[PDB]
Amino acid sequence: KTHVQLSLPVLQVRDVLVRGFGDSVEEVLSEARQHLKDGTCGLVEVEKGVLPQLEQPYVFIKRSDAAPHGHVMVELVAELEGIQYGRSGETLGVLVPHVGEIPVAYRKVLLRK
């Protein structure tokens, strides 16, 4: 399938133990996709002061369309030193590894895989 229905645990930035996916744009997009497939991916909602608390490169989920079965269609865009790799809509949040942090909510998305 080109798209997969996921329910992503929404984490508070100060709970996150592993604050990024790796060290290159290509690695973080790779690792993000692997963690989404394995159900080991969390979502941090972006507000003032959140991104400086996480590690670059960043992996964002961005709205790809204007919502089958309650699931917003999203795609991955990475960012390193102010340059983005991909072009998409509004940010729903920044992806991070999930290693058992307690979420505050779940975000239903349809991920272009």
# chains A, B, ... in the order shown; residues from 1 in each chain; ligands from 1
call {"tool": "select_by_dssp", "arguments": {"residues": "chain A", "states": "strand (DSSP E or B)", "output": "number ranges by chain"}}
result
A: 3-10, 41-44, 58-63, 72-80, 83-85, 91-97, 105-112
call {"tool": "write_last_selection", "arguments": {"atoms": "N, CA and C atoms", "output": "CSV table (one decimal), in the first residue's frame"}}
result
chain,number,residue,atom,x,y,z
A,3,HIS,N,-0.2,4.1,1.2
A,3,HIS,CA,-0.5,4.8,2.4
A,3,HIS,C,-0.8,3.8,3.5
A,4,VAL,N,-0.5,4.2,4.8
A,4,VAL,CA,-0.7,3.3,6.0
A,4,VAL,C,-1.4,4.2,7.0
A,5,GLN,N,-2.5,3.7,7.6
A,5,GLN,CA,-3.2,4.3,8.8
A,5,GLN,C,-2.3,4.1,10.0
A,6,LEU,N,-1.9,5.2,10.7
A,6,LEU,CA,-1.1,5.1,11.9
A,6,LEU,C,-1.8,5.9,13.0
A,7,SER,N,-1.6,5.5,14.2
A,7,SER,CA,-2.0,6.3,15.4
A,7,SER,C,-0.7,6.6,16.2
A,8,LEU,N,-0.2,7.9,16.1
A,8,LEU,CA,1.1,8.3,16.7
A,8,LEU,C,1.0,8.8,18.1
A,9,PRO,N,1.7,8.3,19.1
A,9,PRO,CA,1.7,8.8,20.4
A,9,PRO,C,2.3,10.2,20.4
A,10,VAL,N,1.6,11.2,21.0
A,10,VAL,CA,2.0,12.6,21.0
A,10,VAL,C,2.8,12.7,22.4
A,41,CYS,N,7.5,5.1,16.8
A,41,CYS,CA,7.7,6.5,16.4
A,41,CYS,C,6.7,7.3,17.2
A,42,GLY,N,7.1,8.4,17.8
A,42,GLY,CA,6.3,9.4,18.5
A,42,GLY,C,6.3,10.7,17.8
A,43,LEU,N,5.4,11.6,18.2
A,43,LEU,CA,5.2,12.9,17.5
A,43,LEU,C,5.2,14.0,18.6
A,44,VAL,N,6.0,15.0,18.4
A,44,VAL,CA,6.1,16.2,19.3
A,44,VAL,C,5.5,17.4,18.5
A,58,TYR,N,16.0,17.4,11.7
A,58,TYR,CA,14.5,17.2,12.1
A,58,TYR,C,13.8,16.4,11.0
A,59,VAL,N,12.9,15.5,11.5
A,59,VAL,CA,11.9,14.9,10.5
A,59,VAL,C,10.5,15.4,10.9
A,60,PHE,N,9.8,16.2,10.0
A,60,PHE,CA,8.5,16.7,10.2
A,60,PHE,C,7.5,15.8,9.5
A,61,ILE,N,6.3,15.6,10.1
A,61,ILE,CA,5.1,15.2,9.3
A,61,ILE,C,4.3,16.5,8.9
A,62,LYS,N,4.0,16.6,7.6
A,62,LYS,CA,3.3,17.8,7.0
A,62,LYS,C,2.1,17.3,6.3
A,63,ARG,N,1.0,18.0,6.4
A,63,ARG,CA,-0.3,17.7,5.7
A,63,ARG,C,-0.1,17.7,4.2
A,72,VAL,N,-5.6,12.2,9.0
A,72,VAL,CA,-5.0,13.3,8.1
A,72,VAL,C,-3.9,12.7,7.3
A,73,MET,N,-3.9,13.0,5.9
A,73,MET,CA,-2.8,12.5,5.0
A,73,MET,C,-1.6,13.3,5.3
A,74,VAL,N,-0.5,12.7,5.5
A,74,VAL,CA,0.8,13.4,5.8
A,74,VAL,C,1.9,12.8,4.9
A,75,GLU,N,3.0,13.6,4.8
A,75,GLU,CA,4.3,13.1,4.3
A,75,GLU,C,5.4,13.6,5.1
A,76,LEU,N,6.6,13.0,4.9
A,76,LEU,CA,7.8,13.3,5.7
A,76,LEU,C,8.6,14.4,4.9
A,77,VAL,N,9.1,15.4,5.6
A,77,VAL,CA,10.0,16.5,5.2
A,77,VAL,C,11.1,16.6,6.3
A,78,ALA,N,12.4,16.5,5.9
A,78,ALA,CA,13.5,16.7,6.8
A,78,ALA,C,14.0,18.1,6.8
A,79,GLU,N,14.7,18.6,7.8
A,79,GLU,CA,15.3,19.9,7.9
A,79,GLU,C,16.6,19.8,8.6
A,80,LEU,N,17.6,20.5,8.0
A,80,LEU,CA,19.0,20.6,8.5
A,80,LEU,C,19.5,22.0,8.2
A,83,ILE,N,17.5,24.3,5.9
A,83,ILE,CA,17.1,23.8,4.5
A,83,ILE,C,16.2,22.5,4.7
A,84,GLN,N,15.1,22.5,4.0
A,84,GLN,CA,14.1,21.4,4.0
A,84,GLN,C,14.3,20.5,2.8
A,85,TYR,N,14.0,19.2,2.9
A,85,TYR,CA,14.2,18.2,1.9
A,85,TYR,C,12.9,17.6,1.7
A,91,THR,N,2.9,21.7,9.1
A,91,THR,CA,3.5,20.8,10.1
A,91,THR,C,2.5,20.3,11.1
A,92,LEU,N,2.3,19.0,11.3
A,92,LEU,CA,1.5,18.4,12.4
A,92,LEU,C,2.4,18.2,13.6
A,93,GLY,N,3.7,18.0,13.4
A,93,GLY,CA,4.7,17.9,14.4
A,93,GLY,C,6.0,17.4,14.0
A,94,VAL,N,6.9,17.1,14.9
A,94,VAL,CA,8.3,16.6,14.6
A,94,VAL,C,8.3,15.1,15.1
A,95,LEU,N,8.8,14.2,14.3
A,95,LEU,CA,8.9,12.8,14.7
A,95,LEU,C,10.1,12.6,15.5
A,96,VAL,N,10.0,11.6,16.5
A,96,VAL,CA,11.1,11.2,17.4
A,96,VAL,C,10.9,9.7,17.6
A,97,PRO,N,12.0,9.0,17.9
A,97,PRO,CA,11.8,7.6,18.4
A,97,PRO,C,11.0,7.6,19.7
A,105,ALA,N,-1.6,12.3,24.1
A,105,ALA,CA,-2.7,12.2,23.1
A,105,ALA,C,-2.2,11.2,22.0
A,106,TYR,N,-3.0,10.9,21.1
A,106,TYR,CA,-2.7,10.2,19.8
A,106,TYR,C,-3.2,11.0,18.6
A,107,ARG,N,-2.4,11.0,17.6
A,107,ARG,CA,-2.6,11.8,16.3
A,107,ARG,C,-2.8,10.7,15.2
A,108,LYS,N,-4.0,10.5,14.7
A,108,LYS,CA,-4.3,9.6,13.6
A,108,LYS,C,-3.9,10.2,12.3
A,109,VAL,N,-3.0,9.5,11.6
A,109,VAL,CA,-2.5,10.0,10.2
A,109,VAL,C,-2.6,8.9,9.2
A,110,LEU,N,-2.7,9.3,8.0
A,110,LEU,CA,-2.5,8.4,6.8
A,110,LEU,C,-1.2,8.8,6.2
A,111,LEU,N,-0.1,7.9,6.4
A,111,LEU,CA,1.3,8.2,5.9
A,111,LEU,C,1.5,7.7,4.5
A,112,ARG,N,1.8,8.6,3.6
A,112,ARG,CA,2.4,8.3,2.3
A,112,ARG,C,3.8,7.6,2.6
call {"tool": "select_by_dssp", "arguments": {"residues": "range 23-97 of chain A", "states": "helix (DSSP H, G or I)", "output": "VMD selection string"}}
result
chain A and resid 25 to 38 51 to 53 68 to 70
call {"tool": "decode", "arguments": {"residues": "chain A", "atoms": "C-alpha atoms", "output": "compact mmCIF listing (two decimals), in the first residue's frame"}}
result
# COMPACT_ATOMS: atom_id res chain seq x y z
CA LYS A 1 0.00 0.00 0.00
CA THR A 2 1.16 3.58 -0.84
CA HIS A 3 -0.52 4.80 2.43
CA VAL A 4 -0.74 3.32 5.96
CA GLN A 5 -3.16 4.34 8.77
CA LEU A 6 -1.09 5.07 11.92
CA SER A 7 -2.01 6.33 15.42
CA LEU A 8 1.09 8.25 16.65
CA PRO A 9 1.70 8.80 20.40
CA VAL A 10 2.05 12.57 21.05
CA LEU A 11 4.97 13.13 23.51
CA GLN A 12 5.86 16.20 25.64
CA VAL A 13 9.30 17.46 24.42
CA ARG A 14 10.78 17.27 27.99
CA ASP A 15 9.82 13.51 28.25
CA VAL A 16 11.61 12.53 25.04
CA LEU A 17 14.66 10.31 25.75
CA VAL A 18 15.99 9.99 22.16
CA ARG A 19 15.70 13.44 20.62
CA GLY A 20 16.28 12.54 16.94
CA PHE A 21 16.76 9.78 14.38
CA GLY A 22 20.43 10.34 13.41
CA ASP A 23 23.02 12.53 11.80
CA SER A 24 22.14 13.08 8.08
CA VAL A 25 18.93 14.08 6.22
CA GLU A 26 18.97 10.67 4.47
CA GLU A 27 19.50 8.73 7.76
CA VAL A 28 16.74 10.56 9.69
CA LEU A 29 14.14 10.04 6.88
CA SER A 30 15.22 6.34 6.67
CA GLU A 31 15.06 5.81 10.47
CA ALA A 32 11.73 7.74 10.73
CA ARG A 33 10.18 5.43 8.07
CA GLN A 34 11.58 2.32 9.83
CA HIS A 35 10.15 3.46 13.28
CA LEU A 36 6.74 4.34 11.70
CA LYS A 37 6.58 0.82 10.15
CA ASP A 38 7.70 -0.84 13.51
CA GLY A 39 5.25 1.29 15.62
CA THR A 40 8.17 2.85 17.59
CA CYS A 41 7.65 6.50 16.40
CA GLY A 42 6.31 9.40 18.50
CA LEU A 43 5.16 12.91 17.54
CA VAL A 44 6.07 16.20 19.27
CA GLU A 45 3.78 19.18 18.53
CA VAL A 46 5.88 22.19 17.49
CA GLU A 47 5.58 25.37 19.59
CA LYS A 48 7.96 28.16 20.70
CA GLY A 49 11.06 26.53 22.27
CA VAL A 50 10.38 22.91 21.15
CA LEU A 51 12.80 22.53 18.18
CA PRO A 52 15.95 23.83 20.01
CA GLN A 53 15.28 21.00 22.58
CA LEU A 54 15.46 18.34 19.80
CA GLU A 55 18.38 17.19 17.62
CA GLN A 56 18.87 18.13 13.93
CA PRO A 57 18.33 16.94 11.33
CA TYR A 58 14.54 17.16 12.14
CA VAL A 59 11.87 14.94 10.51
CA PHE A 60 8.46 16.68 10.20
CA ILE A 61 5.07 15.24 9.30
CA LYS A 62 3.31 17.76 7.02
CA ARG A 63 -0.34 17.71 5.74
CA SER A 64 -0.21 16.42 2.10
CA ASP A 65 -3.96 16.99 1.31
CA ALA A 66 -7.24 18.63 2.66
CA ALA A 67 -8.87 13.05 5.91
CA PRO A 68 -9.93 9.40 5.33
CA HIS A 69 -11.52 7.67 8.41
CA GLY A 70 -10.32 10.59 10.70
CA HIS A 71 -6.66 10.11 9.49
CA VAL A 72 -4.99 13.32 8.12
CA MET A 73 -2.84 12.48 5.05
CA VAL A 74 0.80 13.40 5.78
CA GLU A 75 4.26 13.06 4.27
CA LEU A 76 7.83 13.34 5.66
CA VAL A 77 10.03 16.46 5.20
CA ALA A 78 13.51 16.67 6.83
CA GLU A 79 15.27 19.93 7.89
CA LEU A 80 19.03 20.59 8.54
CA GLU A 81 20.46 24.12 9.19
CA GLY A 82 17.32 25.80 7.80
CA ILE A 83 17.09 23.77 4.54
CA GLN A 84 14.11 21.36 4.02
CA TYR A 85 14.22 18.21 1.87
CA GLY A 86 10.72 17.89 0.54
CA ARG A 87 7.85 20.28 -0.01
CA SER A 88 4.46 19.75 1.70
CA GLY A 89 1.70 21.47 3.76
CA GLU A 90 1.33 22.55 7.41
CA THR A 91 3.49 20.80 10.08
CA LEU A 92 1.52 18.43 12.39
CA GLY A 93 4.72 17.92 14.43
CA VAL A 94 8.29 16.57 14.62
CA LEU A 95 8.88 12.80 14.71
CA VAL A 96 11.11 11.19 17.35
CA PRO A 97 11.83 7.62 18.41
CA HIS A 98 9.34 6.30 20.98
CA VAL A 99 11.02 4.21 23.72
CA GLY A 100 8.05 3.95 26.18
CA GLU A 101 7.39 7.63 27.10
CA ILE A 102 3.73 8.13 28.23
CA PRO A 103 1.82 10.12 25.59
CA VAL A 104 -0.63 13.01 26.20
CA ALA A 105 -2.69 12.16 23.06
CA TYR A 106 -2.71 10.16 19.81
CA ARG A 107 -2.62 11.75 16.31
CA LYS A 108 -4.35 9.60 13.58
CA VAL A 109 -2.48 10.05 10.25
CA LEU A 110 -2.48 8.38 6.82
CA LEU A 111 1.25 8.21 5.94
CA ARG A 112 2.41 8.30 2.30
CA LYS A 113 4.97 5.38 2.50
